Every structure is written in structure tokens, then in C-alpha cells.
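What follows is the residue order along each chain.
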Amino acid sequence: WXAXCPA
Amino acid sequence: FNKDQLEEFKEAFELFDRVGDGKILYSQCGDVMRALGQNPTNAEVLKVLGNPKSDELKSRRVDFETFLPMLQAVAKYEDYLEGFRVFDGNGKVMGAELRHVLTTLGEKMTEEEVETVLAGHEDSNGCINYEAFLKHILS
Amino acid sequence: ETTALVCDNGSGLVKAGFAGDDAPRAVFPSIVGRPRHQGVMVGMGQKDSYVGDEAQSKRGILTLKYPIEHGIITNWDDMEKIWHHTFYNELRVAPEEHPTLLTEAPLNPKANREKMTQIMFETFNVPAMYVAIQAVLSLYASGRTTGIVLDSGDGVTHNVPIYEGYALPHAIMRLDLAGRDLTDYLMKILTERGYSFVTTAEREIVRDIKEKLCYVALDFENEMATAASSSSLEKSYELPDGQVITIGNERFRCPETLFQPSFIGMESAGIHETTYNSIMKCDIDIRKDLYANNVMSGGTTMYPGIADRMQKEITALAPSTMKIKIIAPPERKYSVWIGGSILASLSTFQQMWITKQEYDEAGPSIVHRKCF
Amino acid sequence: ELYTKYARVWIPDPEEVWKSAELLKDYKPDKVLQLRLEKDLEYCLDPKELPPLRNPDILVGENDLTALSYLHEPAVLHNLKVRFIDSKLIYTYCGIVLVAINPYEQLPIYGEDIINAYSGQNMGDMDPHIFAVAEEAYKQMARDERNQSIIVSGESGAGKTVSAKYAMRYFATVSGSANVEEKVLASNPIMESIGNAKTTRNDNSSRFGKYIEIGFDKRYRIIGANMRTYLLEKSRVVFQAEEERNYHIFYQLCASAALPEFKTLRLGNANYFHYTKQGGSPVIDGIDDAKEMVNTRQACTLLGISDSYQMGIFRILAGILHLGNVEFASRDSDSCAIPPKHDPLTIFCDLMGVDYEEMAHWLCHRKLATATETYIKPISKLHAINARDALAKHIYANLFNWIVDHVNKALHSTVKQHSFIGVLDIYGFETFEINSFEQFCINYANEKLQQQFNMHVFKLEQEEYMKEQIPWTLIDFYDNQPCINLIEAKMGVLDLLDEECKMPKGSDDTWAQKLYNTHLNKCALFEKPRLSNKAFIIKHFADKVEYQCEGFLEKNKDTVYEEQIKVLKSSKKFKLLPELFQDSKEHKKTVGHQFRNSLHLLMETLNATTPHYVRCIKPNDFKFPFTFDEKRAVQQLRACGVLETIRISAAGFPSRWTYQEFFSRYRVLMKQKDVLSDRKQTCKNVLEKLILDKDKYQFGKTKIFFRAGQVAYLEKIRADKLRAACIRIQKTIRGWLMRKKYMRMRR
Ligand SMILES: Nc1ncnc2c1ncn2[C@@H]1O[C@H](COP(=O)(O)OP(=O)(O)NP(=O)(O)O)[C@@H](O)[C@H]1O
Ligand SMILES: Nc1ncnc2c1ncn2[C@@H]1O[C@H](COP(=O)(O)OP(=O)(O)O)[C@@H](O)[C@H]1O
Ligand SMILES: [Mg+2]
Ligand SMILES: [Mg+2]
């Protein structure tokens, strides 16, 4: 993703 | 009309009086006018008569004095020729066609009147010289 | 005439085809392989990279990337390869000639739609395109205007209610659990039985094991008692090399983590409690008619017995006096594609496309306002 | 002025659609009208309108309806009435169109001497007759060697078959002989039995367009006939509205059933079966269907279809009827099954040589193939019923096409055809109290046919103008295309109809709603009925027609699952069934789409050709010889589009005269001041005087073209002049007879 999760 | 004319017309009127009371019927008035040299249409005759009903036209009787204003009112060539040239272009007219149009158009006449007027005026082919017939009937 | 292309990026499998027919004529994994080992032989025709079924055929030597993780496109340079391969190799069609329809999960980052549009207009010169929610397309697929759609593929799980064709955006739930992180859990339990699968190729072996042997327990504790007390439950699978592996409680234990995500260690509750919480976020007048239609979609819902496990525990949550009906057609793996195949063939939908004129006028920002 | 004392006018009447009057007072401009009738009346001019003003009697009864110097419903109806009743003529020309009135009586006119009398003439030469159109076709072909169409239209029973028969009899008589005519005529009882149905208004209505081609060799002798068919009304096979039957063959078959061979088919009575039962009306007055069966089999035998094939056809029709009784029990909202040992399906399999277990499986399931993988999944009772009815329709349409191909095999002959003349029996524009998908398709085909007619007549008028050296821009044109685009364009009525079939939980209610959203204020020809939400109105070329939405989705749905026909193809019990099927997207097409394609193939076949037109009308409801009813005739002149052809012609220049015939009539009119040695310039001077404006009339090379009003006005003034002359003559003649009578009175 951009913050929380990895993608 | 002068006194002489009124006297001649009254005498003629009295010749048409078939009852002796000095009167004619309304329906004879037109006939008397025609006998005196006028050529009014049936419409003109009924108009000067006041568009009479059948009953008074056939049985009401008028003397010369009442007839006279009507004669006055009615009283007060090239078209005739063109009218005949309508039905022609060798200057002739079939007798059958002239008979049909005179007995079926306009103020229709009887077949006997047409036979009477046409007698001796048609040639062997059955053609009428209309200029001669017109001059003849106008003389 | 001219006929829309219909494409679903998903995660894992790509599935693509022409609108107005009944199943996709290209299906292949969205996978890019690059060769890592030293190449010795000279004049072998050795190649930059492989896509889809090529990469899995040769996957011994390769490293396998997935460019889409959790329904987000993480790498674009691979994804352009995957689309290029789909249109030219898989469909053998020039994309100038056909409008294209593209598919996405809800609540994913805005810029995913911008870039996914920009690449389709600028590089392919696709004459018009639309981007549609997976869940919405599953209703067109199953033939309803009403229902709560539970959808899980690889990557993202999401729930959307729809009532007579009005979506209820405040009640959409999304969960990252499904599909890949079941397999990453299955690796870790298989290690407990003495087998170790690390490489990206072994991850594809585990994924095939999962697809063959897993099934959802009707009661998890009863069946764990049975599998402890018995060998009756135990099944064996032959690895590609001909070694043979034998699997007990692990096969039901793996998909149970969909219902108890605490096993992998996520915060949130399982798919049933997000389904019930989603209905709870709907206004009380509709709820009966969402309980009366529940539509499962995408391949992670294919596990045997998952339907009756849902109906059983949702019934236990729900008010007692109501129908709970779970609808799960056997076709459901392709439902999102079939629904987009239906949608793109409607006549009303031909006004809906983003056309190239509109992109030139507005730039890719238009996709937000024109599309859902 | 237009209205005068002693004019005549038409005024409306309930008993006979128009009654005549004389106008008893001249018009004065304003509200009140005094009329005298065939007996005394007063009438209001106001709702402005003035009543249609009657033609002069010299024009009444003329062979050409455009010779009339007023054109109206009443003037046309009167000309046809007097020509039929007094002349006992049945043929009349309107413009290019020939109008044919069914006499229900034999006439001597068809004799071979009259056939030879028509041969080689032009049309204008000779008094109207059906032979004149075939003669024009034949010589147009001889000259210019484009193939020829002759097109015959009107409600069936207006005589379209006998109008074809005489054209065949003409070509066979003139060209020399090859026995086509008798063999083609012998085809009719089968193509009727498969193609004709009862309807609420009618019996033996042909529900399909039948195109016969007559072929010619390089001598222009008859080689042979070819036959094609178009626009089959497939939906009638599975559905009927109240007081309609299915196609005759189903009933003729049912009435056979007790006869020895058909016993093997286990047929019930005519209303045992779902497809025959629905309409209400298994029996017809004056038709013995069991008798007509014999004539059908005999017409098979004379065209060389053996009883081996004949019992195949009747087995297939028993197949369809038994199939219709198959009935589904729903075992879920999403699934259904055929209840065990279902007797209709048992008999259907025993007839068709297929396994009960695979029909029963495939009827309740449908099958989908990914490239690697295939899924077999259930379908609702509603889709199962739809798919069964689509199978029954698809069998029927294939059987019909096979019987047509075998008749083509009988009729074809070896010689390579140099050219053909082709004769089209097709149904006319139609309206009933209730209108439905059948009427919507019939009226759309009749709008394409009307668009051809209207454009061909326009083109011929541009030719006729420049042959007479007149500027085309005077010529006006009228266009169906706004309505055609309304029906068939993208976002049209048929488009959204085919959309609502695929849509999830589409229905007639949401379809009607989609129509009202798309068109209701945005298009001029589409109108919602004031008090209903389930109907719409189309303004057609002839008329406004109100359609109910209620049926269309269940009639327009067609899809056929491949697995069912892939079962039927397997059948090795009897020869014909795989011969029919052996023949992919088309199996998904709706009925409205298959109809629109069949209509495009028809319109291609006609646009290749040069047409000629015949229109037929059925003058009384009850087949009385040489009796006429104005109230049917006014209907059928609309149903044949004649009255819009008349409204088109009455604007512009409907009246045409040759200078010599004009001068022949009107020497009477003009005085010798103005006659010239050029009659043409003479007549130009005459009209320069006697009509105020050239805007009403034009001069060309050989003819004067007048707007509708002008000639009757001239006939007024000519007749009144003629009577003026008569009056003066006859009064003078009578006056001279009074002079003679006065001379007798003196004697
Ligand atoms: N010129 C004519 N001479 C004699 N009878 C005629 C003529 N025109 C029509 N008919 C009659 O019209 C009736 C019905 O016309 P016809 O077309 O023969 O009926 P059909 O066989 O059902 N064909 P159709 O109803 O038009 O599909 C028959 O009884 C014919 O005899
Ligand atoms: N028949 C099956 N049984 C169980 N799991 C499956 C099955 N088929 C696919 N899967 C798993 O589900 C995921 C693929 O689902 P899919 O619907 O193709 O994803 P997407 O919707 O992103 O295309 C993968 O993790 C795959 O292992
Ligand atoms: Mg007929
Ligand atoms: Mg007949």
C-alpha cells in the first residue's frame, strides 16, 4: 500500500 | 307604352282569355309576354310574378291591368351567335346533339317543341345552319 | 461490428475475452518470470522474461513475481507486459479496434485507476474504456438486482450490499485476507509436518495442493477431535518429482483461517462477521432482502462446504426468525467476468464509456467523476 | 369562388362513410351551412375546415384516379364504387399502383383472345387489367434486362394468390412453353398449410412473405420457377392470443389422428396440447381440416415428396406438440427437475429416437465451457420453459426451410437462368384493437416496403418531369426514415427490447419505463397513451397505432442451448431429423433480431430489382358478389397505403393533360380573337387568362401539369358558360313557338 500494509 | 300599344296589347290579351272574364292565369302571363315580342326566361317570369306557388300560378286569374306592370318590368345578337358557335367547325350542328342539349340543359323544353321548331330546318345529313336558323327565329 | 473486450486483472489468474459470449477464451496467471541462473549454451533463443503460462511452464529456473498484490498494482512495467501479452498473444486482437472494460476492487487507491486509464489510452490507444466494481459485476452475472455480495479472489476480500441497483457506499467492507495469505499460512503449517516449501515455484506447488485437498469443516473443533482420534481423514498428494506427501488436519485447518483470521494474526473478524456487520450497516427496511440473497464470488469461495459453514454461523448470528439463503453457483469463479460480459453488451452502456476525446479534454482525473 | 349555390359537397355519415349533398346557399364568410340532400339540413363549418368539394361528373369513373381534380377519401371511394358496381370493372390505376377489387365472381376478361390483345402494348394504350402489369414487366425486362418484381399487398383474401396465378398464366401464354404454372399452383396447399393461420379478423392469413421467381432463357421462354420465403412469424408456434389458432398444419394433423398411420403418433384431440390449446378456438366454421389434410398430402405427392418423408414431417410436428406438454417442477428458486417418468417426454423420446435420460438431463441443466474446464449447472423453471419454447420454434423454422428447399428441388429446371420475373405475396399494414409483437413486426416490414414504394415513385416522377422538361425542385418527397430510425436505430424500440431480455430481472414494466425515459419527450412520433403506463403509440406512415408492452419480452426471447440440438442431431431412428439440423451466434439471437435480418435479406432482394405494384382490397366482409361497403373500403385503402399516396400526389401536380385533348375539350371556352395556328401557344394564352397564377400550373413539352384544384374549377366555368348559351337559345326558340301559337290564336 503506502503505509499500513506492505503493498 | 302609349295608348295605341296598350290597346293592341289589351286586345291580344283578350284573345288569350279563354273564359270570358277578361283575365288570364299567372302561368299564361309569360306566354302572353312572349307573344308580344318579349323573350323572358322562366326565372324572369317567375320573378316578376313574385315566385308564385304552383296553385296560384295555375288557377289565380289576373286581368290585363294587373298583367301590364309585369310586361313593363320585363320590357325594362353577337352573343346569340357565339352561343350557337359553342355547339358547332363547318357551320353545322348535329340534330341529335342540339335536341339533347335543348331538352336536357337549361330551361328544358319538351321533345315535341324541339321537333316542331326543328322541322324543315335540318338537312339530309341532319345538320342545321345555325346562323340561318337564328335569323329565321328572330325575324 | 465492433465488440468490447472484457478483462479482469484480479490477482493470480487473468481472464479475458470478448463481450457477449459466455466464458473467457483467454485465462492465464498474472505472473512474470525472469531467469536468474547463468546461461551456458550459446544460441538458445534465450529471452528477457516470460508471462503467464510460459513462466509457469519454465518456472524451475525462473523467479516468479506477481505484479498485483492485494488488488493494488505494485509494479507497472510488468503489468504493461501482462496486458501486451493478453491482447497480442492471447486474444490476437489489435486494441485500437475495440473498446475495453477493466475491473477493480473498491476502496483501492485513486492513482491505480488513473495509471490504469493512462496506459490504456496512451500506449494501446484503446478508443474507449470503463472501469467497474467486481462486486457489482457479480450481480449482473448471477441475475439479481438485490443482494449482499461476498467476493474473494486472490488478494482482497470485499463485501458490498446492493438494493434494487443502488449501492450503499457507507456499508462496503474490505478485507485483505483471501487467497495468497491462505497459501502462506499453509506453507507454515506444512512445515510442522516436516515439509518445507520456500521458493516461488514451491509456492505454486502449495497453491495446487490447496486447490486439490482443502475443505472447510462444518465444526472446527469436532473435526479436530476426529482427526486427532483417527487416520480416516488423511489424504496424500504426489509432488511433481514423484515424492508423495500425506496431509491430515492441515487440509481443513488451512481454510478455517478465513473464519478465524487470528490464526494468521490479523485484527479483524472472519468473513461471516464482516458480512453480518455489513448488513447491520444497512437500514432496517432492506435487511430482510439482503438476508434472502447472499452471493459468493471468486475462487477463494470454491472450498467444499464453505457455503453451509456460512449459512450455519450467519444463522447463529442473525435474528432467529428469518431466511438465510447462501447462493453460490458452481460457475462463481468466473462470475465477475461473465457479469462484465453482460454489462458491456447492454445498449444503454454505450453512453457510459470514457472516450478518447474526454480523456484529451480532461486528463485521467475524469475517470473518478465519470466512473463509479 | 370554390363554393357556390348548386355546388355539390361530401359530408360525413355513419351508415356510409360519406354522403353527397347539393349546397343550397352560397358560402358567405361565417359559421353556418345550408344543405340539400339525396332531405333538408343545416350544418356547421366550425370545430377551420370546409367540407370536401365534389368533382365534376366527367371525371368520375375515369380509369386513372389521379385524373380526378379533387382527391379525397370520398372522391376515391366513389370512383371505385361506381367502377365496381356500374361498370363491373375490378381494376383501376392509382399513379403507378394498380388497385384490384375482389369480385367473388368469375369474369370473361381472362380469355386467351384478350391475353393476346394485351400483348406488346404500353399501359396508357389499354384499359386497366392485371395483364397490363405483367406485360409492362415483360417488356421492361426485354428492353433493359434488369430482373422484374411484381408486388401484391393487402389483407389475405383480397385475392393475392389469384392475382399471381393470372400473371403466371400470362407469361405461360405469351412466351410459349414446361408446365411451370400448374406445378407452382399445385404447391399452394402445402405452403398454406405450413404458413397460414387463423387470426381474430381473418382466416387463412399468410404469416410469411412468399417470393416466386419465374426464370427465362435467352429466348425469354419460361425455364422454371424458384421460390423463397421471408419474415416467418415464428412466435406463433408457442403462443397465441385469444381466438387465434396455431398454423393450420397442427390442426389438420390433430384431425387426422384417428387414421391408421397417425395412430403411431399417439396424438390427442386438437385441444389436448398446450401449443394448440391456448388460443380458445380449435374449430373453424366451413373448414373441414381433416379433409384439407388430404389435399395437403396430395399436393406433397404431386411435388414429389414421398410418404417416407411425409411421415417424417408429421412425426416432427407430433414431436413439437408432445414437447409442448413437457412440464417442470421447481425444486428450488434456482433449480428445477422433470418429475419422474414424465409421459410427454417419454412419448417425445419414443418419437424422436433419443434417450429419455439425456433429454431429461439437458432440459433441466445448461452447460458452459471454459477452454480447460466445463461446468454443468441448473436453471430456473422460467429459463427451462423459455428454452423449451425456443427449441420448438427452432425445429419449426428448420422444418419450414427444408420443405421450401424440397419444393425448390421440384420446381428448379436445368437450364442456366438468363433472367427472372418475381412476384411477391406479402401481408399489408395491420391494426387490431390490441396490438402486439406480431403486429409491430408486420408494421415495420410494411414501413420498409412503403419506403421503397415512395422512393421508386419519386424517382419515376423525376424522370417524368425531365422527359417533360420541368424543374425537379417542384417535385416533393416524404420520408419514413424518422420512424424507421425510431424503431431500429441504436437506442430504438427494438434495441431496448433486446437489451431488456439479457438484463437481470427485466420486465415489461421496466421496459416501458425505459421507453418513456428514452423517447417520450425527445422524439415526435412516439407518444405515451394518456391513461396507461403499459402501452405506447407509434405514428406510422398511415396511422397511429397503440401497442401494449405486455407480451413482448416473452415473445422476443429466443435462445437455444447447444446441448439440446446436439442431442437431436444424434437421432438415428429416422432420416429427416439430422437432415434438418445439420445446417452458432445465431442460436443466441432474439426473434426481433432474426426478423430484422430476414427483412434485410428481403430488402436486398427487392432493391436489386425494379418493382411494379398491385394493391388488393376486400370490398365486403361477407363475400357477396359485386357488392361494396364503404366502411371496409376506407379501412383497406389505408391498410394498403393508397390514401397516403393520394395525399402525396394531391400536393404538387396530380393532373396532366395533352394539349390536343385539352383543346378538343375547350374550343368552347375561347373566342377566335385569341386562337392561333399554334394550338400550344393558344392554350398558353387561354390559361394565362383563365387561371390567375402560374403557381397553380406548369407548361412543358407536350403536357400541362395542374395542381389538384384547377381542372374542376375550369369545368365549373365551362359548364356555366354552356348553360348560359343553352338558356338564351332555348328561351328564344320557345318565344318563337309562342309567336306561332299566337298566329294560330289569331286564326
Ligand atoms: N379476378 C378474380 N376473379 C375471380 N375470383 C377472384 C378474383 N379476384 C379474387 N377472386 C376471389 O377471391 C377469393 C379469395 O382470394 P384468394 O387469394 O384466391 O384467396 P386465398 O387462396 O386465401 N389467397 P390469399 O387469401 O390472398 O392469401 C377467391 O374465392 C377468388 O375466387
Ligand atoms: N477450485 C479451487 N479451490 C480452492 N481454491 C482455489 C480454487 N481455484 C482457485 N483457488 C484459489 O483462489 C485464488 C484464485 O482465485 P481467483 O478468483 O482466480 O482470483 P481473482 O478473482 O483475483 O482472479 C488462488 O489463491 C487460488 O489458489
Ligand atoms: Mg391465400
Ligand atoms: Mg383462395
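Residues numbered from 1 in each chain as written, not as in the entry; some residues may be left out. Chains lettered and ligands numbered in written order. Heavy atoms only, no water. Residues with missing side-chain atoms left out of burial classes, pairs and counts.

- cryo-EM is the method the PDB entry states for this structure, with the resolution given as 3.3 Å.

- Per the PDB entry, the recorded name for chain D is Unconventional myosin-Va, and the organism is Gallus gallus.

- Comment text from UniProt for chain B, heading Function, reads "Regulatory light chain of myosin. Does not bind calcium."
- What UniProt states about chain B under its Subunit heading is, verbatim, "Myosin is a hexamer of 2 heavy chains and 4 light chains." (UniProt positions renumbered as here; feature names shortened; annotations may be inferred.)

### What about the site of ligand 1?
All names here are of chain D.
Right, on to step 1. The full set close to ligand 1 counts 14 residues, and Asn-102, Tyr-110, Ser-156, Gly-157 and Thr-161 are the nearest of them.
Right, on to step 2. Separating an oxygen atom of ligand 1 from a side-chain N or O atom of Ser-156 is a distance of 2.6 Å.
Right, on to step 3. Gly-157 has a polar backbone atom sitting 2.5 Å from an oxygen atom of ligand 1.
Right, on to step 4. About the coverage of ligand 1: the protein hides 77% of its 610 Å² of free accessible area.
Right, on to step 5. Per element, the largest residue contribution to the shell around ligand 1 is three residues, and it comes from helix α4 (residues 160–175).
Right, on to step 6. Each residue belonging to the shell around ligand 1 can be placed in one class, and the counts come to five nonpolar, seven polar and two charged. (Near = heavy atom within 4 Å. Polar contact = N/O pair within 3.5 Å; in protein donor to acceptor, adjacent residues only side chain to side chain. Areas by Shrake-Rupley, 256 points an atom, 1.4 Å probe, with all protein chains shown as cover. Helix = DSSP H or I, 4+ residues; strand = E, 2+ residues; numbered from the N terminus. Nonpolar A, V, L, I, M, F, W, Y, C, P; charged D, E, K, R; others polar.)

### Comments concerning the packing of aromatic side chains
Residues and elements named next belong to chain D.
Right, on to step 1. Counting across every chain of the model gives 52 aromatic pairs over all chains.
Right, on to step 2. Geometrically, the ring pair formed by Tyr-118 and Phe-131 is edge-to-face, given 6.2 Å between the ring centres and 70° between the ring planes. Here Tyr-118 is found in helix α2 (residues 112–118), whereas its partner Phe-131 is found in helix α3 (residues 130–144), with 13 residues between them in sequence. This pair shows no difference in class: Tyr-118 is buried, exactly as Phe-131 is.
Right, on to step 3. Consider the rings of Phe-440 and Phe-536, whose centres lie 6.3 Å apart with planes at 75°: the pair is edge-to-face. On the criterion of sequence distance, the pair formed by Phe-440 in helix α13 (residues 437–467) and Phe-536 in strand β18 (residues 535–539) is long-range, its members being 96 residues apart.
Right, on to step 4. The exposure class of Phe-440 is buried, given its relative accessible area of 3%.
Right, on to step 5. By relative accessible area, which is 0% here, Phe-536 ends up buried.
Right, on to step 6. Connected via pairs of aromatic rings, a cluster forms that spans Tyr-110, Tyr-118, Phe-131, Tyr-138, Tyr-166, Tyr-170, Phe-171 and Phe-216. (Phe/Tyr/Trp six-rings, centres within 6.5 Å; stacked < 30°, edge-to-face > 60°. Buried < 20%, exposed > 50% of the residue type's maximum accessible area, 1.4 Å probe, protein only.)

### Looking at the arrangement of the chains
Right, on to step 1. For the three pairs of chains in contact, the largest share of contacts goes to chains B and D.
Right, on to step 2. Note that chain A does not reach chain B: the shortest distance linking a C-alpha of one to a C-alpha of the other is 108 Å.
Right, on to step 3. As for chain C relative to chain B, no contact occurs, and the smallest C-alpha gap between them is 73 Å. (Contact = heavy atoms within 4.5 Å.)

### A word on the interface of chain D and chain B
Right, on to step 1. Listed per partner, the contact involves 22 residues of chain D and 30 residues of chain B.
Right, on to step 2. Taken as a group, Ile-729, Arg-734 and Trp-736 of chain D account for 21% of the area that chain D buries against chain B, more than any other trio of residues on that side.
Right, on to step 3. Between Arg-734 of chain D and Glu-107 of chain B there is a salt bridge, with its nearest N and O atoms 2.8 Å apart.
Right, on to step 4. Its residues placed into classes, the side of chain D that touches chain B shows 12 nonpolar, three polar and seven charged. (Buried area = accessible area lost by both parts, 1.4 Å probe. Salt bridge = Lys/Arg side-chain N within 4 Å of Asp/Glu carboxyl O.)

### Details of the packing of helix α8 (residues 111–118) of chain B against helix α25 (residues 710–746) of chain D
Right, on to step 1. Where α8 of chain B meets α25 of chain D, the closest approach of the two axes is 11 Å, and the angle between their N-to-C directions is 75°. The orientation of α8 of chain B with respect to α25 of chain D, classified from their angle, is roughly perpendicular. Side by side, α8 of chain B and α25 of chain D meet where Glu-113, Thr-116 and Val-117 of chain B of the first sit next to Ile-733, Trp-736, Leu-737 and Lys-740 of chain D of the second.
Right, on to step 2. Looking at side-chain class alone, the contact of α8 of chain B with α25 of chain D contains four nonpolar, one polar and two charged residues. (Axes fitted to C-alpha atoms, helices over the stretch in contact; angles between N-to-C directions. Parallel < 35°, antiparallel > 145°, perpendicular 65-115°, else oblique.)

### Re the interface of chain D and chain C
Right, on to step 1. Listed as interface residues are 19 residues of chain D and, on the opposing side, 18 residues of chain C.
Right, on to step 2. Taken over both partners, the interface formed by chain D and chain C buries close to 1700 Å², and the fraction arising from carbon and sulfur atoms is 56%.
Right, on to step 3. Across the chain D-chain C interface, the total number found is two salt bridges.
Right, on to step 4. At the junction of chain D with chain C, the criterion picks out six residue pairs in polar contact.
Right, on to step 5. Among the elements of the structure, β14 (365–369), β15 (374–378) and α15 (493–502) of chain D are those that each provide at least two residues to the side of chain D that touches chain C.

### Here's the deal with unusual backbone geometry
Right, on to step 1. Unusually for a residue other than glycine, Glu-164 of chain C sits at a positive phi of about 50°.
Right, on to step 2. Looking at where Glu-164 of chain C falls in the secondary structure, it is placed in the loop between β12 (157–163) and β13 (166–167).
Right, on to step 3. Judged by relative accessible area, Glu-164 of chain C falls into the exposed class, the value being 55%.
Right, on to step 4. Phi at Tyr-6 of chain D is positive, roughly 60°, even though this residue is not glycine.

### Some details on the environment of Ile-648 of chain D
Residue and element names in this part refer to chain D.
Right, on to step 1. With respect to the secondary-structure elements, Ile-648 resides in helix α22 (residues 642–650).
Right, on to step 2. Put simply, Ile-648 and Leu-690 are 42 residues apart on the chain and 26 Å apart in space, counted from C-alpha to C-alpha.
Right, on to step 3. Once residues lying within four places of it in the same chain are set aside, the contact partners of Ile-648 are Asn-454 and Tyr-478.

### Examining the pairing of strand β20 (residues 613–617) of chain D
Residue and element names in this part refer to chain D.
Right, on to step 1. Counting buried positions along β20 gives five out of five residues, so the element sits mostly inside the fold.
Right, on to step 2. Covered by surrounding structure in β20 are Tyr-613, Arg-615 and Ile-617 together with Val-614 and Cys-616, the residues of both alternating faces.
Right, on to step 3. Pairing between strand β6 (residues 97–101) and β20: four bridges, direction parallel. Within β20, the residue paired with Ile-101 across the bridge is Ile-617.
Right, on to step 4. By the bridge criterion, three bridges tie strand β7 (residues 148–153) to β20 in an arrangement that is parallel. Of the residues in β20, the one forming a bridge with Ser-153 is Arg-615. (Pairing = 2+ DSSP bridges.)

### Examining the domain arrangement of chain B
Accessible area lost upon the coming together of the parts serves often as the stated size of an interface.
All names here are of chain B.
Right, on to step 1. According to the domain assignment, chain B consists of domain 1 (2–77) and domain 2 (78–137).
Right, on to step 2. Contacts between domain 1 and domain 2 engage four residues on the former and eight residues on the latter.
Right, on to step 3. When the residues that make up the side of domain 1 that touches domain 2 are grouped by side-chain class, the tally is two nonpolar, two polar and no charged. (Domains from an automatic or database assignment.)

### Focus on the sheet that holds strand β22 (residues 697–699) of chain D
All names here are of chain D.
Right, on to step 1. Taken in spatial order, the three strands make up an open sheet running β21-β23-β22, and their pairing is antiparallel. Whereas interior strands pair on both sides, the edge strands pair on one side only; in this sheet they are β21 (655–658) and β22. Adjacent strand axes in the sheet meet at a mean angle of 20°, parallel and antiparallel pairs treated alike.
Right, on to step 2. Two strands pair when backbone bridges link them, and β21 and strand β23 (residues 703–706) are joined in this way by four bridges, in the antiparallel orientation. In the strand pairing of β23, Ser-655 is matched with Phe-706.
Right, on to step 3. In the packing of helix α24 (residues 679–690) onto the sheet, the strands contacted are β22 and β23, and the crossing angle to β22 comes to about 160°.

### Points about the pattern of salt bridges
Right, on to step 1. Evaluated as defined, the whole model comprises 54 salt bridges over all chains.
Right, on to step 2. Linking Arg-207 of chain C and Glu-204 of chain C is a salt bridge whose minimum nitrogen-to-oxygen distance equals 2.4 Å. Residue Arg-207 of chain C and its partner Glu-204 of chain C are both found in helix α6 (residues 200–213); the two are separated by three residues, about one turn of the helix.
Right, on to step 3. Under the relative-accessibility criterion, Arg-207 of chain C is labelled partly exposed at 23%.
Right, on to step 4. The buried category is assigned to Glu-204 of chain C, whose relative accessible area is 5%.
Right, on to step 5. Residues joined by salt bridges that share partners form a network here, namely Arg-207, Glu-233, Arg-236, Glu-244 and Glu-430 of chain D.

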